[PDB]
Amino acid sequence: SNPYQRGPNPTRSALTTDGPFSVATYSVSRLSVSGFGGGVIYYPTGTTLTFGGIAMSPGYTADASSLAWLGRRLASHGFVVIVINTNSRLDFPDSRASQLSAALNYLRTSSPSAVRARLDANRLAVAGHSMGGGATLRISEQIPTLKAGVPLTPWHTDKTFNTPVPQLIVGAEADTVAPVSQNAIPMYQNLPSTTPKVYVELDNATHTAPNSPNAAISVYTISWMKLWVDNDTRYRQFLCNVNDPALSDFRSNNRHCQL
């Protein structure tokens, strides 16, 4: 009934580890692409199905490896994830959003044949960490056709983003690089009230929480991406009536919890 439904029925523990799909990677060379500095694509193997695309941006001075695990994680649960390298490690959120748009264009038009065989170009989303999360919000403004957006401990001088693209903002309670009361929380509060939006706050986490395998980040990112890129209602259960002990705060306009 749902053509985009992938994988078995999800349980929460199954979302804290790699999914049913085997993952292959492709190394997008820095000089083989214009508009961004290459990166790594993670895509399912041993399957003839098609999956939505995700473009991921690391943060200031960081590179794609800082999100490698995550680029793998979503991939094993049924996605084509391209975690980008930027032209400069000192690029700022708007440049990173431009490079994310470039990476999505590459994924749709110039990716290898094996990647292109697994990609549904009509279902795309974006994720990022810090200045990459701010870029996530900015591109959600620029490309309103995106299915979802997941900014992880986002950072941006601008706190207001007018986007209809559903956003799941992860903030780290103890973050001193991008404090939540200055970034994640104001960004959630300034998102349009019609846009479906979730704010999860990882209890006692610091700014580098998304740079290694994290149970809560994995669960909520997979849930958001499944709910919006795959229209997969089976994951609504993890995003509604939440009592997660790893979280120090959960906010939502609860527009995703309805039928």
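Residues numbered from 1 in each chain as written, not as in the entry; some residues may be left out. Heavy atoms only, no water.

This entry lists X-ray crystallography as its structure determination method and reports a resolution of 2.90 Å.

1. Re the state of the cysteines
Applicable threshold: Counting rule for disulfides: a pair of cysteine sulfur atoms within 2.5 Å. Secondary structure elements follow DSSP: runs of H or I of four or more residues count as helices, runs of E of two or more count as strands, with numbering from the N terminus.
As enumerated under the stated definition, the model contains one disulfide in all. The residue that forms a disulfide with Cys240 is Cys257, at a sulfur-sulfur distance of 2.0 Å. Across the disulfide from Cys240 to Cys257, rotation about the S-S bond amounts to roughly -100°, and the bridge is consequently left-handed. Separated by 17 residues along the polypeptide, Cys240 in the loop between α6 (215–229) and β9 (247–252) and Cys257 in the segment after β9 bring together distant segments of the chain.

2. So, the packing of helix α1 (residues 68–76) against α6
Short version of the rule: Note on method: axes are straight lines fitted to C-alpha atoms, helices fitted across the in-contact stretch only, with angles between N-to-C directions ranging 0 to 180 degrees. By the definition adopted for this analysis, an angle is roughly parallel if under 35 degrees, roughly antiparallel if over 145, roughly perpendicular if from 65 to 115, and oblique otherwise. Throughout, a crossing is termed right-handed when the near helix is turned clockwise from the far one, and left-handed when it is turned anticlockwise from it by less than a right angle. Any two residues whose heavy atoms approach within 4.5 Å at even a single point are treated as in contact. Residue polarity follows a fixed list, in which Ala, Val, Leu, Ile, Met, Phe, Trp, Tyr, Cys and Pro are nonpolar, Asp, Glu, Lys and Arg are charged, and the others, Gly among them, are polar.
Put simply, α1 and α6 touch, their axes get as near as 10 Å, and they point 45° apart. Classified by the angle their axes make, α1 and α6 are oblique. Crossing of α1 against α6: the hand is right-handed. Only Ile217, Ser218, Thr221, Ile222 and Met225 of α6 make contact with α1, whose side of the interface consists of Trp69, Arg73 and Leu74. For the contact of α1 with α6, a count of residues per class yields five nonpolar, two polar and one charged.

3. What about helix α2 (residues 93–109)?
Note the cut-off: The span you would expect from a helix comes to 1.5 Å times its residue count less one. Three labels apply to residues, based on accessible area from a 1.4 Å probe with only protein chains included: buried if under 20% of the type maximum, exposed if over 50%, partly exposed otherwise in between.
Spanning 17 residues, α2 covers 24 Å between terminal C-alpha atoms, matching the ideal 24 Å at 1.5 Å per step. Burial in α2 covers these residues: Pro93, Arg96, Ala97, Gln99, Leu100, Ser101, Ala102, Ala103, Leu104, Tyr106 and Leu107.

4. A few points about the sheet that holds strand β4 (residues 80–84)
Heads up, the condition is: One requirement defines pairing of two strands: DSSP has to find at least two bridges between them.
The strand order across the open sheet built from nine strands is β1-β2-β4-β3-β5-β6-β7-β8-β9, with neighbouring strands paired in mixed fashion. The open sheet has two free edges, formed respectively by β1 (22–28) and β9, since each of these has just one partner strand. This sheet shows a mean twist of 15° between the axes of neighbouring strands, independent of strand direction. Two elements, strand β8 (residues 197–202) and β9, share five bridges in a ladder whose sense is antiparallel. The partner of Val200 across the bridge, within β9, is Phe250. Sitting on the sheet, α1 touches β1, β2 (39–45), β3 (51–57), β4 and β6 (148–152), and the angle it makes with β2 is about 25°.

5. Quick look at the pattern of salt bridges
In plain terms, the rule: Whenever a carboxyl oxygen of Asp or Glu lies within 4 Å of a side-chain nitrogen of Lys or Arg, that contact is scored as a salt bridge.
Using the criterion set out here, one finds ten salt bridges in the structure. With a shortest N-O distance of 4.0 Å, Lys226 and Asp230 are connected by a salt bridge. Owing to a relative accessible area of 1%, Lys226 belongs among the buried residues under this scheme. Here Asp230 falls in the buried class, since its relative accessible area comes to 1%. Here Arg234 ties to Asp232 by a salt bridge, and the two come within 3.1 Å at their closest N and O atoms. Assessed through its relative accessible area of 13%, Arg234 is described here as buried. Counted as one network, the salt bridges with shared partners bring together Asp94, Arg138, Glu141 and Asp158.

6. A look at the pairing of strand β5 (residues 119–129)
Filter applied, for reference: When the strands point away from the viewer and the path from the first strand over the helix to the second turns clockwise, the crossover is right-handed.
Extensive coverage of β5 is indicated by the burial of nine of its eleven residues. Judged from the five bridges that link them, β5 and β6 form a sheet pairing that is parallel. Paired with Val126 across the two strands is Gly149, which belongs to β6. Handedness of the β-α-β unit built from β5, helix α4 (residues 131–142) and β6 comes out right-handed.

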